[PDB]
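Below: the structure, in structure tokens.
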Amino acid sequence: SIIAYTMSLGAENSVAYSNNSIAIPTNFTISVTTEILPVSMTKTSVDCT
Amino acid sequence: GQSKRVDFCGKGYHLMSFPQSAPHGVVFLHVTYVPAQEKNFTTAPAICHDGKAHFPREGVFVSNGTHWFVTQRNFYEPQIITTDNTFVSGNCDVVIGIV
Amino acid sequence: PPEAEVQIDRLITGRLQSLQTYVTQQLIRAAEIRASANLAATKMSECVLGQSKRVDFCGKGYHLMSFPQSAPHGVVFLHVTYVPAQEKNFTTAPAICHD
Amino acid sequence: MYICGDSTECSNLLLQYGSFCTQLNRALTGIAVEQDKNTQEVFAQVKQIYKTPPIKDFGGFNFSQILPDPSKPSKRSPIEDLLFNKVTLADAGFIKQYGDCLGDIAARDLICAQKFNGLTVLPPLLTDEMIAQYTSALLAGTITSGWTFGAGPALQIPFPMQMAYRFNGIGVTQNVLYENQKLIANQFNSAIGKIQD
Amino acid sequence: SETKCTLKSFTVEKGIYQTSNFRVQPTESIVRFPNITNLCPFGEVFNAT
Ligand SMILES: *[C@@H]1O[C@H](CO)[C@@H](O[C@@H]2O[C@H](CO)[C@@H](O)[C@H](O)[C@H]2NC(C)=O)[C@H](O)[C@H]1NC(C)=O
Ligand SMILES: *[C@@H]1O[C@H](CO)[C@@H](O[C@@H]2O[C@H](CO)[C@@H](O)[C@H](O)[C@H]2NC(C)=O)[C@H](O)[C@H]1NC(C)=O
Ligand SMILES: *[C@@H]1O[C@H](CO)[C@@H](O[C@@H]2O[C@H](CO)[C@@H](O)[C@H](O)[C@H]2NC(C)=O)[C@H](O)[C@H]1NC(C)=O
Ligand SMILES: *[C@@H]1O[C@H](CO)[C@@H](O)[C@H](O)[C@H]1NC(C)=O
Ligand SMILES: *[C@@H]1O[C@H](CO)[C@@H](O)[C@H](O)[C@H]1NC(C)=O
Ligand SMILES: *[C@@H]1O[C@H](CO)[C@@H](O)[C@H](O)[C@H]1NC(C)=O
Ligand SMILES: *[C@@H]1O[C@H](CO)[C@@H](O)[C@H](O)[C@H]1NC(C)=O
Ligand SMILES: *[C@@H]1O[C@H](CO)[C@@H](O)[C@H](O)[C@H]1NC(C)=O
Ligand SMILES: *[C@@H]1O[C@H](CO)[C@@H](O)[C@H](O)[C@H]1NC(C)=O
């Protein structure tokens, strides 16, 4: 059935902020993402007669 | 080239990209570096040595349960803190939280 | 009808013309808003989620950081920058001749 | 409604132009959709909603005019609340009932005049409250994990150290910040106060 | 010449111009009506007692 709901804006999270504490990454990964962009559209002409 | 613009060439730190063609457009494959596993370390702005204040040259002062090391910001790789990895300016009575 | 339909058609054509004028203007305005929105999105990534080195992109002076604030139909950015102040005249030279 | 005004004879004549009316709304729909996309492109870049920590020191840096004010009915910062009370909108809700337009004839309310002629204003998908949550998440991130939360995981950094990196970034040695930390925090705090005024 | 008329000019610059469309003309006409041979009852309609 059709349901309605308040949408979620994102996950709940936090940062463990403290005046004398830091986080440093110890490992990493390589990620490759894909970005798709239009460059051109259809070229047209019209015979009005 | 390599862009330093955030999220311009994809999420993460940009390394490189490769174009691919498509009908009426271009598709880019963006290769980026993403920090992964991480740890909680103690820090301090500077080290107090003989009364002089030592600042990290390229990195942060980081400490495990018993020892202080200096590391590059984006990857944990602890070095012995030496006079080569630091610069000296000012003294122990000025920097807040100097250890 | 033989006459009424002429008078009605004059009004129908005229009202459709008014509506087309409206839609065209809204499409043009929408394009301008999109461009503004794309700029705002770019700044969010480059001024808020990172530090830009682009001159006058994130305000005047050297950029340090920024904080977004919302507003009806838009975004307001507070750009925090470093500005050189008191200054002095000094003598200079490209290099020093030693031994 | 705009063209015929419920005249039956007009409505039938207008059938021959139905393809034009359809085209006008396809264009308007396209605009309306883009307006929600624009909002998301600007404010929904980070899908982790980071909470502002209980306030701990930031080394003298006061962010209370940019962070949400918990005493308000809508969690806007003092500056945002000011911005919202300066831009004036055409209406104050999206529900206008027939019975309200019918009763209050004397007002000659332009909103009713627009509705009776078929001109409709639609609500945004993201409400002001949701935008405020996104803005607050970005500030919490910037303040507690400056510029790392936007790259991947959010790694905590003491606020004064984040500033040290910012200073190296513009081109001065970080010792300048620590030696002048109190001054810098005061100049910063003053500038924010001036903006609200 | 078609390009010259379109551009209202006796000089045409280097490039490509569109010039209407390829058209052909009809050469003959066809007339088709059902082969009705009777004349309509004009007499009965207009010459009635
Ligand atoms: C902090 O790091 C140091 C350096 O790795 C650790 O000390 C070393 O521990 C190994 C045994 O695992 C010994 O063989 C070395 O001689 C130690 N080095 C020094 C200088 O004493 C130290 O244990 C780590 N501390 C904590 C709490 O994990
Ligand atoms: C940030 O600055 C504001 C002032 O702009 C501080 O709020 C004031 O706090 C005093 C009590 O210490 C009250 O008497 C004032 O009436 C408050 N002013 C306003 C406008 O509310 C606020 O406490 C400071 N916050 C931090 C973290 O430093
Ligand atoms: C650098 O500039 C700052 C101001 O931008 C100076 O700080 C002020 O100094 C006066 C001294 O009479 C104090 O009364 C003010 O309260 C200080 N302002 C702040 C925000 O703290 C600073 O002294 C200057 N330093 C140098 C070396 O010229
Ligand atoms: C750092 O400490 C906090 C304490 O609340 C903990 O929740 C977090 O997971 C720890 N982070 C890491 C990388 O160990
Ligand atoms: C060690 O730290 C104390 C402050 O806790 C300071 O008074 C003392 O001079 C420091 N000792 C050094 C640099 O040898
Ligand atoms: C952090 O805050 C505590 C008080 O909770 C204080 O004693 C300590 O010196 C502070 N450390 C730094 C680096 O500011
Ligand atoms: C540098 O010298 C010029 C000489 O004409 C003077 O006008 C200027 O004010 C001086 N600048 C500073 C920073 O002292
Ligand atoms: C000092 O400068 C002069 C030129 O003015 C040069 O001839 C001389 O060798 C220099 N002396 C040094 C480097 O000792
Ligand atoms: C009508 O009748 C007259 C004779 O009175 C005749 O001359 C005429 O042609 C008739 N008209 C038609 C259409 O048959």
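Kindly list the residues of the range D:118-152 that lie in the label zone of residue A:33, defined by a backbone N under 12 Å from the point 7 Å along the Cα-to-C-beta vector. From the range D:118-152, the list is D:150-152.
The dipole here belongs to the range D:75-145: it is taken about the Cα centre, uses +1 on the Cβ of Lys and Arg and -1 on the Cβ of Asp and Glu, and is about 80 debye.
About its Cα centre, the dipole of the protein assembly as shown is roughly 780 debye, where the only charges are +1 on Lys and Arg Cβ and -1 on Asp and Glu Cβ.
Taking amide H positions as modeled 1.01 Å from N, with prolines and chain starts lacking one, the residues under 5 Å from residue B:91 and 5 or more places away or on another chain are B:53. If r is the Cβ-Cβ distance from residue E:25 to residue A:43 and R0 is 35 Å, what FRET efficiency results, to the nearest 0.05? Calculated value: 0.70. Can you give me the Cα centroid spacing of chain E and the range D:74-109 in angstrom? Result: 62 Å between the Cα centres. In plain terms, the bigger the Kirkwood radius, the slower the diffusion; for chain D, with that radius from Cα pairs, at 20 °C and 1.002 mPa s, Stokes-Einstein puts D at 99 µm²/s. Sorted fewest first by neighbouring Cβ atoms within 10 angstrom, D:72, E:14 come out as E:14, D:72.
Taken over the range D:1-60, the convex hull of the Cα atoms encloses 165 Å³ per residue. Dipole of the protein assembly as shown computed with +1 at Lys/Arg Cβ and -1 at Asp/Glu Cβ about the Cα centre; of D:90, B:83, D:71, farthest Cα towards the positive end is B:83. In the protein assembly as shown, a dipole from Cβ-located charges (positive for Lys and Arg, negative for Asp and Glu) runs towards its positive end, and of E:19, E:37, D:8 it is E:19 whose Cα lies farthest in that direction. Calculation over all alpha carbon pairs of chain C in 10 angstrom steps from 0 returns a P(r) of 12, 22, 16, 14, 13, 10, 7, 3, 2, 1, 0, 0 percent.
In the protein assembly as shown, a dipole from Cβ-located charges (positive for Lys and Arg, negative for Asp and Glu) runs towards its positive end, and of D:146, D:106, D:176 it is D:176 whose Cα lies farthest in that direction. Dividing the C-alpha radius of gyration of the protein assembly as shown by 2.2 N^0.38 Å, with N its residue count, gives 1.49. Relative contact order for the range D:94-196: 12 percent, from Cα pairs under 8 Å spaced at least 6 residues apart, divided by residue count. The dipole here belongs to chain D: it is taken about the Cα centre, uses +1 on the Cβ of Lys and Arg and -1 on the Cβ of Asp and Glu, and is about 640 debye. Note: relative contact order over chain D, using C-alpha pairs below 8 Å and six or more positions apart, is 29 percent. Placing a pseudo-label 7 Å from each Cα along the Cα-to-Cβ vector at residue B:27 and residue D:95 gives an inter-label distance of 4.7 nm.
Peptide C:70-82 has a mean shielding of 6, counted as Cβ atoms of other protein chains within 10 Å of each residue's Cβ. If the convex hull of the alpha-carbon atoms of chain A is projected onto planes in all directions, what is the mean projected area in square nanometres? In nm², the orientation-averaged hull projection of chain A is 12.1. Counting Cα-Cα pairs of the range D:70-129 in 5 Å increments starting at 0 gives whole-percent bin shares of 4, 13, 21, 19, 13, 13, 11, 6, 1. The Stokes-Einstein estimate for chain B, based on a Kirkwood radius over Cα pairs and taken at 4 °C with 1.567 mPa s viscosity, is a diffusion coefficient of 79 µm²/s.
In this calculation the C-beta distance from residue C:98 to residue B:74 is compared with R0 = 35 Å, giving a FRET efficiency of 0.35. Placing a pseudo-label 7 Å from each Cα along the Cα-to-Cβ vector at residue B:50 and residue B:82 gives an inter-label distance of 1.8 nm.
No value in this document is a laboratory result; all are computed from the given coordinates. Positions of Cβ are generated from backbone atoms using ideal geometry, with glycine treated the same way; all protein chains shown enter the neighbour counts.
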